[PDB]
There are 2 protein chains.
Amino acid sequence: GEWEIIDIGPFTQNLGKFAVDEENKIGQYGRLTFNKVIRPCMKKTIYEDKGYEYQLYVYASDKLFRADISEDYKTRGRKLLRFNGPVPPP
Amino acid sequence: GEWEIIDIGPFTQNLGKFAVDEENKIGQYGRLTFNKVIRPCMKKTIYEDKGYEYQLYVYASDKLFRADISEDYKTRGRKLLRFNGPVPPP
Ligand SMILES: [Mg+2]
Ligand SMILES: [Mg+2]
Ligand SMILES: [Mg+2]
Ligand SMILES: [Mg+2]
Ligand SMILES: [Mg+2]
Ligand SMILES: [Mg+2]
Ligand SMILES: [Mg+2]
Ligand SMILES: [Mg+2]
Ligand SMILES: [Mg+2]
Ligand SMILES: [Mg+2]
């Protein structure tokens, strides 16, 4: 769920050719001849999880610390981004 | 990105074990003994493009149509999601 307007260059003209080609196959609008795509062209991006970052409060040796951890979704590898303390309780 | 609060169950406790284990390797706070992860725990999600949807105004046979096209990022299959018209110029 992210939106934007994109320019109407060659990539967008190729999108219009595909749509007219596909509609000609369906036939519900006769035989159509592609002319051009005009402004505006709106584009939605659908996302998927690449990775994560966690911010923790962690007790260690009865003292409280802040830690940031990063995690890859595919390999599940983790990195310590930050570790400091003692910090006051939240 | 996108942010959320998560529960502090076994997955979050193991996040704290990782952070303390890694900090012990660095050594700046001496030898630390993991106790627990406490509230609150915040989680950020990093996103990658899964696919797209394009909303076009396209001239075909000198008539103006609205068309929506989807596009999968990895397999690159495109699909015609909608095609109607004539529509008034935007
Ligand atoms: Mg914009
Ligand atoms: Mg272009
Ligand atoms: Mg134009
Ligand atoms: Mg996902
Ligand atoms: Mg101890
Ligand atoms: Mg759990
Ligand atoms: Mg608690
Ligand atoms: Mg990407
Ligand atoms: Mg014609
Ligand atoms: Mg198709």
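Numbering of residues starts from 1 on every chain and follows the order in which that chain's sequence is written, so it may differ from the entry's own numbering; residues lacking coordinates are left out. As they are written, the chains are lettered A onward and the ligands numbered 1 onward, keeping that order. As a convention, hydrogens and water are excluded, and side-chain values are obtained from all of the structure's heavy atoms.

As deposited, the entry is annotated with X-ray crystallography as its determination method and 2.5000 Å as its resolution.

A. Quick look at the overall build of chain A. Under the DSSP-based scheme used, a helix requires at least four consecutive residues in state H or I and a strand at least two consecutive residues in state E, with every element numbered from the N terminus. Secondary structure assignment for chain A yields 1 helix and 4 strands. When the helices and strands of chain A are placed in sequence order, the string is β-α-β-β-β. We compute the radius of gyration from the C-alpha atoms alone; for a globule the expected value is 2.2 Å times N to the 0.38, where N is the number of residues. Taken against the 2.2 N^0.38 rule, which gives 12 Å for 90 residues, the C-alpha radius of gyration of chain A at 25 Å runs more than 25% over that of a compact globule. Its C-alpha atoms give chain A principal-axis dimensions of roughly 75 × 25 × 20 Å. Throughout, exposure labels follow a simple rule: accessible area from a 1.4 Å probe, protein chains only, divided by the maximum for the residue type, with under 20% read as buried, over 50% as exposed, and the rest as partly exposed. In chain A, buried positions account for 36% of the 90 residues. Note on definitions: a residue-residue contact is assigned when non-hydrogen atoms from the two residues lie within 4.5 Å. Excluding contacts between residues fewer than 6 apart, the proportion of contacts in chain A whose partners are at least 24 apart in sequence is 33%. Charge counting treats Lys and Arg as positive and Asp and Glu as negative, with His and both chain ends excluded. Think of each charge as sitting on NZ of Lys, CZ of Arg, CG of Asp or CD of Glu. One way to put it: in chain A the 15 positive side-chain charges average out to a point 3 Å from where the 13 negative ones average out.

B. Highlighting unusual backbone geometry. Of note, the amide linkage connecting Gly 85 of chain A to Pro 86 of chain A takes the cis form, showing an omega dihedral of -5°. Within the secondary structure, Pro 86 of chain A sits in the segment after β4 (78-84). Located in the positive-phi region is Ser 61 of chain B, a residue other than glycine, with phi close to 55°. When you line up the elements, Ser 61 of chain B lands in the loop between β2 (34-60) and β3 (63-72). Phi at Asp 62 of chain B is positive, roughly 60°, even though this residue is not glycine.

C. Molecular detail of the environment of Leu 56 of chain B. Here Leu 56 of chain B is to be found in strand β2. Separated by 27 residues in the primary sequence, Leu 56 of chain B and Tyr 29 of chain B have C-alpha atoms spaced 58 Å apart. Leaving out residues up to four positions away in the same chain, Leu 56 of chain B has contacts with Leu 15, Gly 16, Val 37 and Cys 41 of chain A together with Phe 65, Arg 66, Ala 67 and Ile 69 of chain B.

D. The arrangement of the domain arrangement of chain A in detail. Taken as a whole, chain A is organised into domain 1 (1-46) and domain 2 (47-90). What marks off one domain from the next here is an automatic or database domain assignment. The centre of domain 1 of chain A, based on its C-alpha atoms, is set 44 Å off from the matching centre of domain 2 of chain A.

E. Region of interest: helix α1 (residues 10-26) of chain B. Under the convention used throughout, the expected extent of a helix is 1.5 Å for every residue step, that is, one less than its residue count. Taking 1.5 Å of rise per residue, the 17 residues of α1 of chain B would be expected to cover 24 Å, and the 25 Å separating its terminal C-alpha atoms lies within 8% of that figure. All buried positions along α1 of chain B are accounted for by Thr 12, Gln 13, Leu 15, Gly 16, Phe 18, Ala 19, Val 20 and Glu 23 of chain B. Where α1 of chain B is buried, its residues contact β2 (34-60), β3 (63-72) and β4 of chain A together with β1 (2-6) and β2 of chain B. At the exit of α1 of chain B stands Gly 27 of chain B, carrying a positive phi of roughly 95°.

F. Region of interest: the pairing of β4 of chain A. All names here are of chain A. Any two strands between which DSSP finds at least two bridges are classified as paired. One ladder, built from 6 bridges, connects β3 with β4; its direction is antiparallel. Bridging across to β4, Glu 71 finds its partner in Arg 78. Linking two consecutive strands that pair antiparallel, namely β3 and β4, is a turn of 5 residues; a positive phi of about 65° is found at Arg 76 within it.

G. Focus on the pattern of salt bridges. Residues and elements named next belong to chain A. For salt bridges, the criterion is a side-chain nitrogen of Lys or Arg within 4 Å of an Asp or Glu carboxyl oxygen. Taken as a whole and assessed by the stated rule, the structure comprises 11 salt bridges over all chains. A salt bridge links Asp 68 to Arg 82; its shortest N-O distance comes to 3.7 Å. Of this pair, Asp 68 sits in strand β3 while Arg 82 sits in strand β4, and the two are 14 residues apart along the sequence. By relative accessible area, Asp 68 is classed as buried at 11%.

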